[PDB]
């Protein structure tokens, strides 16, 4: 008879490359938001909340998960801690995916509606959005402790069983991964359409005011400006006004009869328009550059969680598949997601200069 051997080396490899990078990676993100006041704004409370969720995985979920790998199938801890550990696993892992969904949506509405709210009014919006995400995560994770594990059986095997959590494995998976994925996919195309439209209207304005100064440049009479300059009447909230009244000021010279004086005044908007739309051009450029980074990073997160959730629902639907050689894959695919959830806030914040500069001095134990 050939029995299974030791697997301590795998657990050791997990500590080095999963647990330690998870706890440490999320600790840096939390510290950066907590210490550096330059990062203490509403948007980064999604990242801090997310970092906390993933931190608790590496602290209370991942270490105990080693015992399943390192020790026998029997639950070594007290029986009461079995559904709790199962609950915390589902809770925090779901919180990670739904946080990104929240961020994916929140980043989209920031593009469609640039002036969403003030600094104060958006600060409370964060807490509400964070709370909802956590409340969603609880409702998805709470079928586990309510149902419980199978209890003359003295000991217990702390594991989600297909014969019991069949509905939960299938539905929970849909509600925890495939549902936010569906949203992040929709908001993706919504974001792509938003950016290409936001720049389409800018190119429209940049071409319609240039066409109305060319007719202002080559002007024979003030009557030629009496209809052409009026077309520019409707084209930092002070931004739109500094050129509106400026264009209206030129019309005052047109009605007065000063044509040549108005043409030279129209050339004064050359340093006004260029310094304004180019400032709004990099606004879109940075908005497009930040969304592309968010897209790829969030994609890799979901992609690494894919092998688990696709296999998890397969364990339920496919009744023809080998149960033994399918749940053994789950025992590996979970850690792939654990790697994903662990380094998710870190990697995303490595593209931010302030976050990255903060991490550099926190490793050197500076803390300002």
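Residue numbers count along the first chain shown, from 1.
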- Please count the deposited residues lying between residue 284 and residue 285 that the model leaves without coordinates, and give the class: none, 1 to 3, 4 to 9, or 10 or more. none
- Message: Does the chain run continuously from residue 151 to residue 152, or are deposited residues unmodelled in between? Answer none, 1 to 3, 4 to 9, or 10 or more.
- Response: 1 to 3
- Message: On mean Cα temperature factor in this entry, is 66 to 74 or 305 to 313 the higher one?
- Response: 66 to 74
- Item | Average Cα temperature factor in the PDB entry - higher stretch of 186 to 194, 251 to 259 | 251 to 259
- Message: Looking at the C-alpha B-factor values in the deposited entry, which of 171, 85, 206, 134 comes out highest?
- Response: 206
- Task: Have a look at 91, 296, 105, 235 and flag the one whose Cα has the highest B-factor in the entry.
- Result: 235
- Could you say whether, by C-alpha temperature factor, residue 340 belongs to the lowest, middle or highest third of its chain? middle
- Task: Can you work out whether the C-alpha temperature factor of residue 246 puts it in the lowest, middle or highest third of the chain?
- Result: highest
- Query: If you rank every modelled residue in this chain by C-alpha B factor, which third holds residue 159: lowest, middle or highest?
  - Reply: middle
- residue 165: C-alpha B-factor third of its chain, per the entry, is the lowest
- Task: Quick one: classify residue 99 as lowest, middle or highest third of the chain based on its Cα B-factor.
- Result: lowest
